[PDB]
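Visitor: Quick one: structure below, then a few questions.
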Amino acid sequence: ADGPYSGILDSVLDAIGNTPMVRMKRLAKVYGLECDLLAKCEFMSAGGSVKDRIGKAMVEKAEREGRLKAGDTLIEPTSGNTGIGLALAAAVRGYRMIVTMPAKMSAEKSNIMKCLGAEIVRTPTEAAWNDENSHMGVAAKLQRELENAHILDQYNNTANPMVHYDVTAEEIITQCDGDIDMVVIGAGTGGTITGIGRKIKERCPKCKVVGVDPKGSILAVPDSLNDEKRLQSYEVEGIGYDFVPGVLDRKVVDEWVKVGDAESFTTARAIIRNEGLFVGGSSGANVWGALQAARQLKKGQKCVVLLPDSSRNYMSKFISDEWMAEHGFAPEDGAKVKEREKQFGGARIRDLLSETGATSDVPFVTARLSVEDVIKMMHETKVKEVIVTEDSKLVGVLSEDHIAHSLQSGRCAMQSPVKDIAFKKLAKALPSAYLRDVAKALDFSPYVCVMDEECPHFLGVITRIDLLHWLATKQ
Amino acid sequence: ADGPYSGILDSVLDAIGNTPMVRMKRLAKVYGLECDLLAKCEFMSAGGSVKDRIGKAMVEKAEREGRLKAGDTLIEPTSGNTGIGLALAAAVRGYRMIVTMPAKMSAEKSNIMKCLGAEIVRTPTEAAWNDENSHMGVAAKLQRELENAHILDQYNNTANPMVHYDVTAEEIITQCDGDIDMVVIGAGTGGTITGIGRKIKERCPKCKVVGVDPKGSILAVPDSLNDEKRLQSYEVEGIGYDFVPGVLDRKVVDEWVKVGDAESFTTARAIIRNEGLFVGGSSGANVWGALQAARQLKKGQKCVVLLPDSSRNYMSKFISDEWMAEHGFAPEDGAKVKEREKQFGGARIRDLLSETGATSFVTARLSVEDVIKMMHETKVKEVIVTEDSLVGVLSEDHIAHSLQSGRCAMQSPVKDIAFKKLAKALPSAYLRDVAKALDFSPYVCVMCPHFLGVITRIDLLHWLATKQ
Ligand SMILES: C=C(NCc1c(COP(=O)(O)O)cnc(C)c1O)C(=O)O
Ligand SMILES: C=C(NCc1c(COP(=O)(O)O)cnc(C)c1O)C(=O)O
């Protein structure tokens with residue numbers, strides 16, 4: 001039915017949480033996991049992360065104890081999501097926000113927290129927590145140097161674990177109807193894992209609690225697990241630290257799984273591809289840890305894994321295949337890059353032009369020709385498409401269909417220059433280019449022209465239908 | 001309580017819809033609107049857009065009539081989301097996806113549907129619908145040339161308006177408790193506006209229905225409203241077309257408001273800043289139309305506006321202030337760019353260096369022993385290591401802490417412990433640009449390599465304290 005949202009909400013803070021739980025049947029079938037892999041889609045909150053909860057939570061406590069008045073300044077060290085939640089809470093309830101986050105974190109978090117009118121100071125990535133230039137040390141410095149400023153310190157604020165203990169874990173319990181055998185949580189500040197594990201062990205002691213920390217962090221026990229990449233920087237954001245946070249109660253968790261960047265990102269992309277959850281990299285790390293931990297489980301029992309934040313915070317970072325290739329990470333078993341490598345192989349556009357047969361030079365027009373002259377030339381030459389010149393780059397292509405339809409639509413005058421009706425989005429290529437790169441370029445441009453700018457002697461235009469015909473010529 | 005999600009969900013398709021309605025009290029107070037401006041946060045769906053609904057809906061219909069079997073190919077022209085929704089439905093229920101979208105649409109939509117294993121064909125932006133190179137014409141061509149391919153044709157499929165008439169409008173009715181005075185909807189395919197307006201007028205005929213169309217489309221009535229920028233391309237994606245779709249029943253809507261790109265984007269940024277809803281540009285267009293239409297309303301009555309999709313699809317496009325300045329769009333009334341322009345003004349780093357009095361190098365391969373000796377003998381705290389063909393900065397605090405942390409041996413080269421993220425500046429640069437650059441780099445170094453020092457945000461705050 002409609003219980004939580006059947007009414008009107010006073011602000012966006014009332015729309016955080018209440019995230020649904022989805023069964024990842026397809027992903028489990030892909031990785032061959034017999035038990036039921038449940039996913040807590042915390043990334044569908046208002047701010048798109050679990051930390052939104054704690055943000056609101058801390059503010060509520062700060063307002064319930066009278067320690068916060070309107071117009072004050074709020075300071076918080078964060079990896080980006082807790083800053084987002086506190087920025088939402090401040091923009092709603094009238095507080096000033098200043099965030100301290102390392103330069104390792106994505107630019108989307110910085111831009112969206114700027115959209116909430118929050119000042120953002122970046123800290124060096126390689127800095128240790130003891131340094132005065134760390135996000136926490138710099139936040140303390142800012143609190144010392146600013147009037148009416150406050151740090152809620154999610155690393156030490158009891159609201160962070162207490163609310164995951166109060167509402168989030170209760171949500172997981174009500175959705176799983178009490179039957180939970182394993183729960184896998186990423187280890188960042190440690191509040192989410194501490195709270196949820198404590199509540200579930202209280203209401204279901206048979207449930208195992210597994211924590212995920214990236215190779216480079218020191219949050220796993222024993223220290224034999226951290227020796228892989230001791231204190232080595234990683235690309236995944238949100239989990240792992242060079243110190244044990246005050247809220248992290250490592251005694252509530254049973255197992256620890258170390259996950260690297262490559263596995264985390266490949267599993268996040270597999271999540272997006274097979275399940276359809278627009279989720280972030282830390283969730284890929286958590287899901288890889290869950291897949292490695294619950295392999296010994298059998299059918300019927302449920303292993304619950306949390307997906308902290310959405311792909312929105314890493315839109316340019318790891319959804320783009322170019323950046324995932326720059327870091328040498330396997331995209332996925334079934335992906336478009338691998339599909340195009342398998343289908344096309346070492347085929348170049350020269351092979352396609354030879355198999356079809358160009359043996360021709362497409363017509364040419366000076367890009368300022370009148371529509372009368374270009375229509376006369378097109379009717380006398382019998383060709384359909386034409387390419388307009390440059391004057392100094394290339395302008396584009398034009399077909400008789402657009403000519404007629406724009407002339408009759410009142411958008412192309414007969415005395416108008418041909419540049420006004422040409423297609424302006426194009427991609428330059430060369431006969432030596434492979435089919436995979438031109439296929440990737442077709443993802444962003446409708447046409448692809450060859451050998452632009454010896455001499456500018458283009459051979460033809462290339463679209464996706466040509467690639468489909470080339471695939472049809474094979475078996 | 002917990003009614004719709006208190007249980008387990010079989011797939012992501014069960015997470016579409018059920019979006020909450022929020023009262024934009026702060027935005028109304030900013031723009032001086034007396035009535036209650038309610039916002040339907042359809043961007044909070046699983047796929048982050050309203051079109052997800054119709055996507056699922058069409059697939060359900062295609063499966064309810066047996067017209068769809070496993071392994072088939074699905075083709076659909078879309079501005080971006082209806083492709084995302086159908087890609088989700090196909091990846092879940094085992095269908096192949098091929099999308100046709102104009103090059104005008106953002107790259108985030110294409111990348112997100114590529115992550116869903118969907119083929120993406122781009123079409124020219126200026127092409128008309130009758131052209132064979134339009135997304136709809138090219139989709140028809142693909143249907144002709146591909147085996148087992150299907151187009152559900154959201155422009156003509158009755159599922160698109162029928163489901164907004166069945167569940168979405170019923171949702172808004174149940175949350176608003178029937179009392180709705182005005183409904184403001186963007187005009188894209190026109191299915192959502194038709195469905196929602198028809199259902200609400202059936203269950204509340206006194207409610208006025210106003211449609212929002214961008215300056216450039218011809219969907220408004222009368223045609224005197226489209227004459228501003230006739231058939232000229234605009235930057236907002238999702239709303240407006242050069243033809244009336246088959247599902248669009250223009251007779252159900254009363255008013256029409258034309259909105260430009262600048263107003264739409266500035267209002268979307270104002271939505272994000274004042275309310276905290278990560279929404280797209282079409283939502284800004286709809287909200288500007290609502291602010292222009294419901295101005296005559298009074299306290300107590302409610303004007304509901306749809307927020308189609310989230311900022312996720314335009315992260316690089318219009319959330320970035322650089323692109324908003326490249327297109328000459330006013331950022332916002334209260335924004336970080338305007339705040340720094342007001343606080344800093346035309347101040348450059350020369351003025352800060354003169355007011356503070358900073359009168360004022362390592363080859364990046366000296367051993368830690370020698371650098372500690374130099375640091376103790378020179379009494380300075382920070383040092384900057386040079387280049388060989390710039391490497392970064394290093395302080396004694398990080399030196400000591402990395403020595404004790406087991407990461408920096410005394411015989412190790414200093415490059416291993418230096419800070420690698422840096423930003424280059426020059427004394428002529430203003431304070432606003434270095435403040436914007438500090439959003440991405442912790443330090444900022446000036447300018448032969450004869451730099452005088454490093455400047456961070458605390459220095460800018462001290463400079464602001466030295467003024468006023
Ligand atoms: C420490 C912070 N992030 C926690 C986090 C985590 C870890 O969640 P914890 O509540 O810290 O246990 C996992 N994934 C992402 C994307 C995260 O951002 C923060 O936002 O300040
Ligand atoms: C053409 C399309 N426009 C829908 C749309 C709309 C208009 O919603 P309609 O259901 O098309 O009436 C508003 N905002 C955005 C971001 C949209 O994508 C589409 O979704 O395929």
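Ordering of the structure tokens sets the chain letters (A, B, ...), residue numbers begin anew at 1 in every chain, and ligands are numbered from 1 in the order given.
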Segment 449-464 of chain A: which residues within 8 Å, counting only C-alpha atoms, same-chain residues fewer than 4 positions away excluded, as a PyMOL selection string?

Guide: (chain A and resi 358+360-362+426-431+439+442+468) or (chain B and resi 121)

Visitor: For the residues in that selection, give me N, CA and C atoms as a tab-separated table (two decimals), in the first residue's frame.

Guide:
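Wrote out.tsv, looks like this:
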```tsv
chain	number	residue	atom	x	y	z
A	358	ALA	N	33.93	1.73	-51.95
A	358	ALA	CA	33.61	3.15	-52.07
A	358	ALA	C	33.84	3.66	-53.48
A	360	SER	N	34.72	6.20	-54.89
A	360	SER	CA	34.00	7.42	-55.21
A	360	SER	C	34.41	8.52	-54.24
A	361	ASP	N	34.20	9.76	-54.68
A	361	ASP	CA	34.38	10.95	-53.85
A	361	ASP	C	33.04	11.65	-53.73
A	362	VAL	N	32.50	11.70	-52.52
A	362	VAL	CA	31.19	12.30	-52.26
A	362	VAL	C	31.24	13.78	-52.62
A	426	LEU	N	29.81	16.09	-35.46
A	426	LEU	CA	30.54	15.13	-36.27
A	426	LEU	C	31.79	14.67	-35.53
A	427	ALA	N	32.35	13.56	-36.00
A	427	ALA	CA	33.55	12.97	-35.43
A	427	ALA	C	34.52	12.64	-36.55
A	428	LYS	N	35.78	13.04	-36.38
A	428	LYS	CA	36.81	12.79	-37.39
A	428	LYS	C	37.48	11.45	-37.15
A	429	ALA	N	37.78	10.75	-38.25
A	429	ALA	CA	38.42	9.45	-38.19
A	429	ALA	C	39.47	9.37	-39.30
A	430	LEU	N	40.18	8.25	-39.34
A	430	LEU	CA	41.21	7.98	-40.32
A	430	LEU	C	41.14	6.51	-40.72
A	431	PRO	N	41.52	6.19	-41.97
A	431	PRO	CA	41.36	4.81	-42.47
A	431	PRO	C	42.02	3.76	-41.60
A	439	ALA	N	33.14	2.72	-33.17
A	439	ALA	CA	31.90	2.35	-32.51
A	439	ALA	C	31.71	3.15	-31.22
A	442	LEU	N	30.69	6.58	-32.20
A	442	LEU	CA	29.30	6.64	-32.62
A	442	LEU	C	28.35	6.72	-31.44
A	468	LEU	N	26.55	-2.38	-38.63
A	468	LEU	CA	25.62	-3.50	-38.57
A	468	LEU	C	25.65	-4.30	-39.87
B	121	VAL	N	22.47	4.60	-30.67
B	121	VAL	CA	22.64	5.24	-31.96
B	121	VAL	C	22.26	6.71	-31.80
```

Visitor: Considering only C-alpha atoms and all ligand atoms, give me a table of residues in chain A that are at most 8 Å from ligand 1, with the closest atom pair and distance in Å for each, as JSON lines.

Guide:
```
{"residue": "A:49", "atom": "CA", "partner": "ligand 1", "partner_atom_place_in_ligand_line": "16 (C)", "distance": 6.9}
{"residue": "A:50", "atom": "CA", "partner": "ligand 1", "partner_atom_place_in_ligand_line": "10 (O)", "distance": 7.2}
{"residue": "A:51", "atom": "CA", "partner": "ligand 1", "partner_atom_place_in_ligand_line": "20 (O)", "distance": 5.8}
{"residue": "A:77", "atom": "CA", "partner": "ligand 1", "partner_atom_place_in_ligand_line": "21 (O)", "distance": 6.4}
{"residue": "A:78", "atom": "CA", "partner": "ligand 1", "partner_atom_place_in_ligand_line": "21 (O)", "distance": 3.4}
{"residue": "A:79", "atom": "CA", "partner": "ligand 1", "partner_atom_place_in_ligand_line": "19 (C)", "distance": 4.4}
{"residue": "A:80", "atom": "CA", "partner": "ligand 1", "partner_atom_place_in_ligand_line": "20 (O)", "distance": 4.9}
{"residue": "A:81", "atom": "CA", "partner": "ligand 1", "partner_atom_place_in_ligand_line": "20 (O)", "distance": 3.8}
{"residue": "A:82", "atom": "CA", "partner": "ligand 1", "partner_atom_place_in_ligand_line": "20 (O)", "distance": 3.7}
{"residue": "A:83", "atom": "CA", "partner": "ligand 1", "partner_atom_place_in_ligand_line": "20 (O)", "distance": 6.2}
{"residue": "A:84", "atom": "CA", "partner": "ligand 1", "partner_atom_place_in_ligand_line": "20 (O)", "distance": 7.8}
{"residue": "A:154", "atom": "CA", "partner": "ligand 1", "partner_atom_place_in_ligand_line": "21 (O)", "distance": 7.1}
{"residue": "A:155", "atom": "CA", "partner": "ligand 1", "partner_atom_place_in_ligand_line": "1 (C)", "distance": 7.9}
{"residue": "A:160", "atom": "CA", "partner": "ligand 1", "partner_atom_place_in_ligand_line": "10 (O)", "distance": 7.1}
{"residue": "A:161", "atom": "CA", "partner": "ligand 1", "partner_atom_place_in_ligand_line": "10 (O)", "distance": 7.7}
{"residue": "A:185", "atom": "CA", "partner": "ligand 1", "partner_atom_place_in_ligand_line": "12 (O)", "distance": 7.2}
{"residue": "A:186", "atom": "CA", "partner": "ligand 1", "partner_atom_place_in_ligand_line": "7 (C)", "distance": 5.1}
{"residue": "A:187", "atom": "CA", "partner": "ligand 1", "partner_atom_place_in_ligand_line": "12 (O)", "distance": 4.6}
{"residue": "A:188", "atom": "CA", "partner": "ligand 1", "partner_atom_place_in_ligand_line": "11 (O)", "distance": 3.4}
{"residue": "A:189", "atom": "CA", "partner": "ligand 1", "partner_atom_place_in_ligand_line": "11 (O)", "distance": 3.2}
{"residue": "A:190", "atom": "CA", "partner": "ligand 1", "partner_atom_place_in_ligand_line": "12 (O)", "distance": 3.6}
{"residue": "A:191", "atom": "CA", "partner": "ligand 1", "partner_atom_place_in_ligand_line": "10 (O)", "distance": 4.6}
{"residue": "A:192", "atom": "CA", "partner": "ligand 1", "partner_atom_place_in_ligand_line": "10 (O)", "distance": 4.1}
{"residue": "A:193", "atom": "CA", "partner": "ligand 1", "partner_atom_place_in_ligand_line": "12 (O)", "distance": 5.3}
{"residue": "A:194", "atom": "CA", "partner": "ligand 1", "partner_atom_place_in_ligand_line": "12 (O)", "distance": 7.6}
{"residue": "A:237", "atom": "CA", "partner": "ligand 1", "partner_atom_place_in_ligand_line": "16 (C)", "distance": 5.9}
{"residue": "A:238", "atom": "CA", "partner": "ligand 1", "partner_atom_place_in_ligand_line": "17 (C)", "distance": 3.3}
{"residue": "A:239", "atom": "CA", "partner": "ligand 1", "partner_atom_place_in_ligand_line": "6 (C)", "distance": 4.8}
{"residue": "A:240", "atom": "CA", "partner": "ligand 1", "partner_atom_place_in_ligand_line": "7 (C)", "distance": 7.8}
{"residue": "A:248", "atom": "CA", "partner": "ligand 1", "partner_atom_place_in_ligand_line": "12 (O)", "distance": 7.9}
{"residue": "A:280", "atom": "CA", "partner": "ligand 1", "partner_atom_place_in_ligand_line": "16 (C)", "distance": 6.8}
{"residue": "A:281", "atom": "CA", "partner": "ligand 1", "partner_atom_place_in_ligand_line": "16 (C)", "distance": 7.3}
{"residue": "A:282", "atom": "CA", "partner": "ligand 1", "partner_atom_place_in_ligand_line": "14 (N)", "distance": 4.8}
{"residue": "A:283", "atom": "CA", "partner": "ligand 1", "partner_atom_place_in_ligand_line": "14 (N)", "distance": 6.5}
{"residue": "A:307", "atom": "CA", "partner": "ligand 1", "partner_atom_place_in_ligand_line": "14 (N)", "distance": 7.2}
{"residue": "A:308", "atom": "CA", "partner": "ligand 1", "partner_atom_place_in_ligand_line": "14 (N)", "distance": 4.6}
{"residue": "A:309", "atom": "CA", "partner": "ligand 1", "partner_atom_place_in_ligand_line": "16 (C)", "distance": 4.9}
{"residue": "A:310", "atom": "CA", "partner": "ligand 1", "partner_atom_place_in_ligand_line": "16 (C)", "distance": 7.9}
```

Visitor: Suppose we keep C-alpha atoms; can you now write the selection as a PDB file, in the first residue's frame?

Guide:
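Saved result, again_24.pdb, follows:
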```
ATOM      1  CA  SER A  49      23.604   7.667   0.222  1.00  0.00           C
ATOM      2  CA  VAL A  50      23.216   5.997   3.597  1.00  0.00           C
ATOM      3  CA  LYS A  51      25.111   8.828   5.294  1.00  0.00           C
ATOM      4  CA  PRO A  77      35.230  15.966   7.671  1.00  0.00           C
ATOM      5  CA  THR A  78      33.803  13.542   5.145  1.00  0.00           C
ATOM      6  CA  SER A  79      34.527  11.407   2.109  1.00  0.00           C
ATOM      7  CA  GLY A  80      31.660  13.266   0.414  1.00  0.00           C
ATOM      8  CA  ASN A  81      28.341  11.659   1.361  1.00  0.00           C
ATOM      9  CA  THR A  82      28.040  12.749   5.001  1.00  0.00           C
ATOM     10  CA  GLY A  83      28.877  16.224   3.735  1.00  0.00           C
ATOM     11  CA  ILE A  84      25.995  15.884   1.269  1.00  0.00           C
ATOM     12  CA  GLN A 154      30.599  11.443  12.664  1.00  0.00           C
ATOM     13  CA  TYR A 155      33.739   9.540  13.545  1.00  0.00           C
ATOM     14  CA  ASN A 160      25.916   7.736  13.490  1.00  0.00           C
ATOM     15  CA  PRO A 161      25.838   4.165  14.927  1.00  0.00           C
ATOM     16  CA  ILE A 185      28.665  -3.972   5.370  1.00  0.00           C
ATOM     17  CA  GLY A 186      31.421  -1.674   4.181  1.00  0.00           C
ATOM     18  CA  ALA A 187      33.777  -0.296   6.822  1.00  0.00           C
ATOM     19  CA  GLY A 188      34.204   3.467   6.607  1.00  0.00           C
ATOM     20  CA  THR A 189      33.469   5.365   9.793  1.00  0.00           C
ATOM     21  CA  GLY A 190      32.214   1.993  11.032  1.00  0.00           C
ATOM     22  CA  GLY A 191      28.953   3.430  12.350  1.00  0.00           C
ATOM     23  CA  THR A 192      26.662   1.649   9.896  1.00  0.00           C
ATOM     24  CA  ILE A 193      28.255  -1.758  10.443  1.00  0.00           C
ATOM     25  CA  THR A 194      28.414  -1.355  14.230  1.00  0.00           C
ATOM     26  CA  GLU A 237      35.823   6.184  -1.853  1.00  0.00           C
ATOM     27  CA  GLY A 238      33.854   5.841   1.367  1.00  0.00           C
ATOM     28  CA  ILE A 239      35.444   2.834   3.083  1.00  0.00           C
ATOM     29  CA  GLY A 240      38.738   2.332   4.880  1.00  0.00           C
ATOM     30  CA  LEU A 248      33.613   1.339  15.055  1.00  0.00           C
ATOM     31  CA  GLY A 280      28.642   3.370  -6.572  1.00  0.00           C
ATOM     32  CA  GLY A 281      31.991   1.651  -6.241  1.00  0.00           C
ATOM     33  CA  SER A 282      31.951   1.027  -2.489  1.00  0.00           C
ATOM     34  CA  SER A 283      28.830  -1.043  -3.118  1.00  0.00           C
ATOM     35  CA  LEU A 307      24.918  -0.455  -1.224  1.00  0.00           C
ATOM     36  CA  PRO A 308      25.876   2.887   0.371  1.00  0.00           C
ATOM     37  CA  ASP A 309      25.698   5.465  -2.438  1.00  0.00           C
ATOM     38  CA  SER A 310      24.676   5.833  -6.071  1.00  0.00           C
TER      39      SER A 310
END
```

Visitor: Throw together the list of residues within 6 Å of ligand 2, counting only C-alpha atoms and all ligand atoms, and drop it here as a PyMOL selection string.

Guide: chain B and resi 51+78-82+186-193+238-239+282+308-309

Visitor: Any idea which chain B residues end up within 6 Å of chain A if we count only C-alpha atoms, as a PDB file with C-alpha atoms, in the first residue's frame please?

Guide:
```pdb
ATOM      1  CA  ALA B   1       4.560   3.240   8.602  1.00  0.00           C
ATOM      2  CA  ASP B   2       5.968   0.788   6.011  1.00  0.00           C
ATOM      3  CA  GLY B   3       3.406  -0.480   3.516  1.00  0.00           C
ATOM      4  CA  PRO B   4       4.987  -0.657   0.031  1.00  0.00           C
ATOM      5  CA  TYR B   5       8.587  -1.598   0.877  1.00  0.00           C
ATOM      6  CA  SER B   6       8.169  -3.453   4.195  1.00  0.00           C
ATOM      7  CA  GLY B   7       8.769  -6.680   2.261  1.00  0.00           C
ATOM      8  CA  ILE B   8      11.234  -8.124  -0.228  1.00  0.00           C
ATOM      9  CA  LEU B   9      11.338  -6.968  -3.857  1.00  0.00           C
ATOM     10  CA  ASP B  10      11.931  -9.392  -6.719  1.00  0.00           C
ATOM     11  CA  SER B  11      13.764  -6.898  -8.952  1.00  0.00           C
ATOM     12  CA  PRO B  20       7.159  11.188  -2.280  1.00  0.00           C
ATOM     13  CA  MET B  21       5.670  14.670  -2.515  1.00  0.00           C
ATOM     14  CA  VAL B  22       7.534  17.497  -0.775  1.00  0.00           C
ATOM     15  CA  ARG B  23       6.381  21.024   0.053  1.00  0.00           C
ATOM     16  CA  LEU B  88      16.427  -1.568 -16.992  1.00  0.00           C
ATOM     17  CA  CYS B 115      26.373   0.295 -18.614  1.00  0.00           C
ATOM     18  CA  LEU B 116      22.997  -1.453 -18.993  1.00  0.00           C
ATOM     19  CA  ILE B 120      23.130   3.588 -28.565  1.00  0.00           C
ATOM     20  CA  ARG B 122      22.912   9.024 -32.081  1.00  0.00           C
ATOM     21  CA  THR B 123      20.957  11.242 -34.447  1.00  0.00           C
ATOM     22  CA  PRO B 124      21.577  14.814 -35.655  1.00  0.00           C
ATOM     23  CA  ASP B 131      13.841  12.988 -41.670  1.00  0.00           C
ATOM     24  CA  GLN B 175      -1.187  12.252  -1.044  1.00  0.00           C
ATOM     25  CA  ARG B 273      20.213  25.216  -3.472  1.00  0.00           C
ATOM     26  CA  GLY B 276      17.833  20.220  -1.629  1.00  0.00           C
ATOM     27  CA  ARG B 312      22.491  12.297 -12.272  1.00  0.00           C
ATOM     28  CA  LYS B 336      28.962  30.266  -4.556  1.00  0.00           C
ATOM     29  CA  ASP B 397      54.317  16.874  10.427  1.00  0.00           C
ATOM     30  CA  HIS B 398      53.638  14.422   7.600  1.00  0.00           C
ATOM     31  CA  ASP B 439      37.501  23.275  -4.718  1.00  0.00           C
ATOM     32  CA  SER B 441      43.150  20.944  -5.187  1.00  0.00           C
ATOM     33  CA  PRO B 442      44.321  21.256  -1.567  1.00  0.00           C
TER      34      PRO B 442
END
```

Visitor: Could you list, as a ChimeraX atom specification, every residue within 8 Å of segment 208-217 of chain A, counting only C-alpha atoms and ignoring same-chain residues fewer than 2 positions away?

Guide: /A:181-188,193,197,205-206,219-220,226,228-234,236,239-242,252-261,285-286,289-290,293

Visitor: Those residues you just picked out, can you put them in a file as a PDB file, in the first residue's frame with C-alpha atoms?

Guide:
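For reference, part37.pdb as written:
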```pdb
ATOM      1  CA  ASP A 181      21.981 -15.404   8.167  1.00  0.00           C
ATOM      2  CA  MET A 182      24.747 -13.067   6.948  1.00  0.00           C
ATOM      3  CA  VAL A 183      25.019  -9.276   6.701  1.00  0.00           C
ATOM      4  CA  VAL A 184      27.859  -7.645   4.745  1.00  0.00           C
ATOM      5  CA  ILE A 185      28.665  -3.972   5.370  1.00  0.00           C
ATOM      6  CA  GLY A 186      31.421  -1.674   4.181  1.00  0.00           C
ATOM      7  CA  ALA A 187      33.777  -0.296   6.822  1.00  0.00           C
ATOM      8  CA  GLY A 188      34.204   3.467   6.607  1.00  0.00           C
ATOM      9  CA  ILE A 193      28.255  -1.758  10.443  1.00  0.00           C
ATOM     10  CA  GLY A 197      25.334  -5.688  13.344  1.00  0.00           C
ATOM     11  CA  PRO A 205      22.202 -13.969  17.158  1.00  0.00           C
ATOM     12  CA  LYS A 206      22.606 -16.632  14.448  1.00  0.00           C
ATOM     13  CA  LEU A 219      40.336  -1.866   9.907  1.00  0.00           C
ATOM     14  CA  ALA A 220      40.410  -5.648   9.394  1.00  0.00           C
ATOM     15  CA  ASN A 226      46.209  -5.637   5.909  1.00  0.00           C
ATOM     16  CA  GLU A 228      48.591  -7.025   1.176  1.00  0.00           C
ATOM     17  CA  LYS A 229      48.929  -3.286   0.442  1.00  0.00           C
ATOM     18  CA  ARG A 230      49.864  -1.763   3.796  1.00  0.00           C
ATOM     19  CA  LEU A 231      48.579   1.831   3.894  1.00  0.00           C
ATOM     20  CA  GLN A 232      48.556   2.041   0.078  1.00  0.00           C
ATOM     21  CA  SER A 233      46.172   4.575  -1.455  1.00  0.00           C
ATOM     22  CA  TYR A 234      43.109   3.205  -3.250  1.00  0.00           C
ATOM     23  CA  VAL A 236      37.371   3.422  -3.958  1.00  0.00           C
ATOM     24  CA  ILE A 239      35.444   2.834   3.083  1.00  0.00           C
ATOM     25  CA  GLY A 240      38.738   2.332   4.880  1.00  0.00           C
ATOM     26  CA  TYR A 241      40.890   4.565   7.075  1.00  0.00           C
ATOM     27  CA  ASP A 242      44.366   4.708   8.602  1.00  0.00           C
ATOM     28  CA  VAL A 252      30.456  -6.878  16.842  1.00  0.00           C
ATOM     29  CA  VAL A 253      31.713  -8.157  13.463  1.00  0.00           C
ATOM     30  CA  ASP A 254      32.836 -11.753  12.928  1.00  0.00           C
ATOM     31  CA  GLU A 255      34.615 -11.904   9.552  1.00  0.00           C
ATOM     32  CA  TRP A 256      36.640  -9.422   7.513  1.00  0.00           C
ATOM     33  CA  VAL A 257      37.162  -9.473   3.739  1.00  0.00           C
ATOM     34  CA  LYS A 258      39.832  -7.489   1.894  1.00  0.00           C
ATOM     35  CA  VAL A 259      38.821  -6.167  -1.536  1.00  0.00           C
ATOM     36  CA  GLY A 260      40.923  -4.355  -4.126  1.00  0.00           C
ATOM     37  CA  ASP A 261      39.961  -1.558  -6.488  1.00  0.00           C
ATOM     38  CA  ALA A 285      33.429  -3.666  -2.952  1.00  0.00           C
ATOM     39  CA  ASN A 286      30.742  -4.749  -0.477  1.00  0.00           C
ATOM     40  CA  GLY A 289      33.106  -9.217  -0.181  1.00  0.00           C
ATOM     41  CA  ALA A 290      29.648 -10.764   0.166  1.00  0.00           C
ATOM     42  CA  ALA A 293      32.083 -14.664   2.151  1.00  0.00           C
TER      43      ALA A 293
END
```

Visitor: I'd like the neighbourhood of residue 129 of chain B as a list in words, where a residue qualifies if any of its atoms comes within 9 Å (using only C-alpha atoms), though same-chain residues fewer than 6 positions away should be ignored.

Guide: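 Answer for this query is residues 135, 136, 137, 241, 242 and 243 of chain B.
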
Visitor: So which residues touch residue 154 of chain B within 8 Å, counting only C-alpha atoms, skipping near sequence neighbours fewer than 4 positions away, as an MDAnalysis selection string?

Guide: chainID B and resid 54 76 82 158:160 189

Visitor: Within 6 Å of residue 95 of chain A, counting only C-alpha atoms, which residues show up once you throw out same-chain ones fewer than 2 positions away? Write them as a list in words, please.

Guide: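 With the cut-off at 6 Å, the set is residues 71, 72, 73 and 90 of chain A.
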
Visitor: Just to be explicit: take each residue in the selection above, keep C-alpha atoms, and write the result as a short mmCIF file (atom, residue, chain, number, x, y, z; two decimals), in the first residue's frame.

Guide:
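Writing done, so here's again22.cif:
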```cif
data_model
loop_
_atom_site.label_atom_id
_atom_site.label_comp_id
_atom_site.auth_asym_id
_atom_site.auth_seq_id
_atom_site.Cartn_x
_atom_site.Cartn_y
_atom_site.Cartn_z
CA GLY A 71 22.56 30.89 11.43
CA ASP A 72 25.39 28.81 12.91
CA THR A 73 28.20 27.29 10.86
CA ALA A 90 21.67 22.88 6.66
#
```

Visitor: Restricting the calculation to only C-alpha atoms, which member of A:303, A:143, A:164, A:30 is positioned closest to residue 52 of chain A?

Guide: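 Under the stated criterion, the closest residue is A:164.
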
Visitor: Could you pull out the helix (DSSP H, G or I) residues of segment 215-424 of chain A from DSSP and send them as a ChimeraX atom specification?

Guide: /A:223-225,261-274,281-296,311-314,321-326,336-344,349-356,371-381,400-408,418-420

Visitor: Just the residues within 12 Å of residue 230 of chain B, please, counting only C-alpha atoms, with nothing from its chain fewer than 4 positions along; format it as a list in words.

Guide: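 In the requested form, the answer reads residues 409, 410, 411 and 412 of chain A; 214, 215, 216, 217, 218, 219, 220, 223, 224, 225, 226, 234, 240, 241, 242 and 258 of chain B.
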